[PDB]
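Contents: one structure, followed by commentary.
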Amino acid sequence: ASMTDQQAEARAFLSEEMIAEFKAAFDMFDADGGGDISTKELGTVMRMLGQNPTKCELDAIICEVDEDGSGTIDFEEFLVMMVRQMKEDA
Amino acid sequence: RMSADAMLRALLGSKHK
Ligand SMILES: [Ca+2]
Ligand SMILES: [Ca+2]
């Protein structure tokens, strides 16, 4: 059962320092606590912290995160979402 | 989107121990 191991390499691509803080909003993120992170869950912790990513903003990232096209961020998927933007540069 | 350490560090893991 393999589809994409990008979520795995993500944890390895980032330093332990990132992983630690990564679990910061990981709690406040999930609203229902039994699904994943969507465009709404993002603006939440992002708006109640400092960031201000509009609808189209978050939609732009999530669109790249979800490789299958579900619009939801899985566990490790939350790490690859940033990896697709970090190294991503020419 | 790139340097999201801000929001990530905002609440922080809150482990302490
Ligand atoms: Ca959730
Ligand atoms: Ca997905």
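For the structure tokens, the naming scheme is as follows: chains receive sequential letters (A, B, ...) according to their order of presentation, residues are indexed from 1 within each chain, and ligands are indexed from 1 in presentation order.
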What are the residues of chain B that have an atom within 6 Å of an atom of chain A, counting only C-alpha atoms, as a count of residues only? 6
May I ask you to write as number ranges by chain all residues lying at most 7 Å from ligand 1, with only C-alpha atoms and all ligand atoms counted? A: 29-37, 41
Residue list (helix (DSSP H, G or I), DSSP) for chain A, as an NGL selection string: :A and (6-13 or 16-22 or 26-29 or 39-47 or 55-65 or 77-86)
Please indicate the distance in Å from CA of residue 59 in chain A to CA of residue 71 in chain A, rounded to one decimal place.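 These atoms are spaced 8.4 Å apart.
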Please identify all polymer residues within 7 Å of range 74-80 of chain A, counting only C-alpha atoms, omitting same-chain residues fewer than 5 positions from it, and present them as a list in words. residues 6, 7, 8, 10, 11, 36 and 65 of chain A
Per residue of chain A within 7 Å of ligand 2, note the shortest atom pair and the distance in Å to one decimal, counting only C-alpha atoms and all ligand atoms, and order the rows by chain and increasing residue number, as a tab-separated table.
```
residue	atom	partner	partner_atom_place_in_ligand_line	distance
A:65	CA	ligand 2	1 (Ca)	6.8
A:66	CA	ligand 2	1 (Ca)	3.9
A:67	CA	ligand 2	1 (Ca)	6.1
A:68	CA	ligand 2	1 (Ca)	5.8
A:69	CA	ligand 2	1 (Ca)	6.3
A:70	CA	ligand 2	1 (Ca)	5.1
A:71	CA	ligand 2	1 (Ca)	6.0
A:72	CA	ligand 2	1 (Ca)	4.8
A:73	CA	ligand 2	1 (Ca)	5.1
A:74	CA	ligand 2	1 (Ca)	6.0
```
Using Å and a single decimal, report how far CA of residue 42 in chain A sits from CA of residue 55 in chain A.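 Atom-to-atom, CA of residue 55 in chain A to CA of residue 42 in chain A, that is 9.6 Å.
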